[PDB]
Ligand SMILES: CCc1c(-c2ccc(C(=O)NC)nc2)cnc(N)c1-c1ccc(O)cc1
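Just one chain is shown here, as structure tokens, and it is the form solved without the ligand.
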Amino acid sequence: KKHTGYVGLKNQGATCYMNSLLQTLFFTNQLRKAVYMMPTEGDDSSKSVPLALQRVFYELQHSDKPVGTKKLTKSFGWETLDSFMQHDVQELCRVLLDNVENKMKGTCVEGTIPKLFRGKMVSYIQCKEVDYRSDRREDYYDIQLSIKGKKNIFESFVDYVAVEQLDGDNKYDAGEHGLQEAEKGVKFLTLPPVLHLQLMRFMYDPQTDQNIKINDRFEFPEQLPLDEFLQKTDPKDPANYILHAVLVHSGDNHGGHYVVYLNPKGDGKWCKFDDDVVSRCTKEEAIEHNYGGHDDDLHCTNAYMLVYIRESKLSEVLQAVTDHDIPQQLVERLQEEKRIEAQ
């Protein structure tokens, strides 16, 4: 642990992106502190997902040996390779963050999950020839960006908010106005302090009747200005984002190699987390080397998920955690477990 100050997670079976996600959440310090505050007193140790996350986080913060997850995987039910093949990374994030948000209801940290992670967008449909429009505001906790045909994150976001035509056979059913020509789009109302972006790195290919991986080059910046994708900017807080984590997949399949790059303090000092092995790495190894190979090389290593933190919130999100942020009760609970196990 002393190489970097950070401890790894055991490779325990094939859980694909799990270890990567767990480190990403662990180093969302404000989330971690909120999780320690959950009132898991009466919870049963084997079935409680909130306690199990407390346990993983406690061990990540204090253990100098790699940390196990078997109680965690048992607690939310994904104990086989199939569970991870049949879910996307953001679905596992939703499973975990939903559990702890519900456990935080009625406590001092209620609402921590929404405040850190959920933004607001509006999706619209506008009829060209008649006076009819439909608006639906929608909350989101992650964004799935299209990469195929796009060179970088900015072009992905341009694509995401682009106006789409519904004419010809596409025509919009406008109800009492009949079939109409219209343009459909989405706009961002807000962006959250912690921004979870998944890249669409598998696409359904009819040729094989199965999904294949997209290995194309796709660039993302260390610093991400997003003000121009809001509907209305705030001069008092520009939507400037800072890269926190790069979740990486090497290979073409669920048998590939999953790792995560983080700079946990947000200072641009990066480490690579490869299950039990954590090592310091260059910024290039974390960012540019995970852009993905371009056509010429004749490279299946590339990012599928990025975490950005709003500039204006970085010091709050990444605020230091001391072991006095872990309640004595929980400390004793987990330390009792260690004594039972070691004998």
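The term rigid core refers to the most C-alpha atoms you can superpose between the two forms while keeping them within 1.5 Å. Residue positions are given as counts along the sequence shown, with the first one as 1.
Note: missing coordinates for residue 268 occur in none of the other compared entries bracketing this position, so the one-third threshold is not reached. Figure legend: residue 205 is marked as unmodelled in at least a third of the other comparable entries of the protein.
Gap between residue 298 and residue 299: 1 to 3 deposited residues without coordinates. The mean Cα B-factor in the deposited entry runs higher for 208-216 than for the other of 208-216 and 144-152. 74-82 and 174-182 differ in mean CA B-factor, and the higher of the two is recorded for 174-182. The residue among 249, 87, 136, 118 whose C-alpha atom has the highest B-factor in the PDB entry is 136. The PDB entry assigns its highest CA temperature factor, among 46, 63, 315, 279, to 46. Residue 114: CA B factor in the middle third of modelled residues in this chain (values from the PDB entry). The PDB entry assigns residue 128 a C-alpha temperature factor belonging to the highest third of its chain's modelled residues. Sorting the modelled residues of the chain by their CA temperature factor places residue 33 in the lowest third.
Annotation for residue 59: CA B-factor lies in the lowest third of the chain's modelled residues. When the modelled residues of the chain are ordered by C-alpha B-factor, residue 330 sits in the highest third.
Below, we refer to the form solved in complex with the ligand, which is not included among the displayed structures.
Site status: open, since the ligand, placed by superposing the C-alphas around its site in the deposited bound form, has no atom within 2.4 Å of backbone or C-beta atoms. Checked against the ligand in the deposited bound form, the residues 141, 270, 154, 172 give one hit for a heavy atom within 4.5 Å, which is 141. Of the candidates 94, 74, 177, 133, 94 is the one whose heavy atoms come within 4.5 Å of the ligand in the deposited bound form; the others do not. Mapping the unseen interface onto this chain, residue 198 counts among the residues with a heavy atom inside 4.5 Å of the ligand in the deposited bound form.
Though the partner is left out of this view, residue 102 does reach within 4.5 Å of the ligand in the deposited bound form, counting heavy atoms only. By the criterion of a heavy atom within 4.5 Å, residue 117 is counted among the residues contacting the ligand in the deposited bound form. The ligand is not shown here, and in the deposited bound form it never comes within 4.5 Å of any heavy atom of residue 263.
You can rule out all but one of 124-132, 235-243, 86-94, 222-230: in the deposited bound form, only 86-94 has residues with a heavy atom within 4.5 Å of the ligand. For the residue set 80, 144, 102, 231, core-aligned C-alpha shifts between the shown form and the other one reach 2 angstroms or more at a single site, 80. Residue 222: CA moves less than 2 Å between the shown form and the other one after rigid-core fitting.
Superposition of the core reveals a Cα shift of less than 2 Å for residue 155 between the shown form and the other one. For residue 210, the Cα coordinates differ by under 2 angstroms between the shown form and the other one after the core has been superposed.
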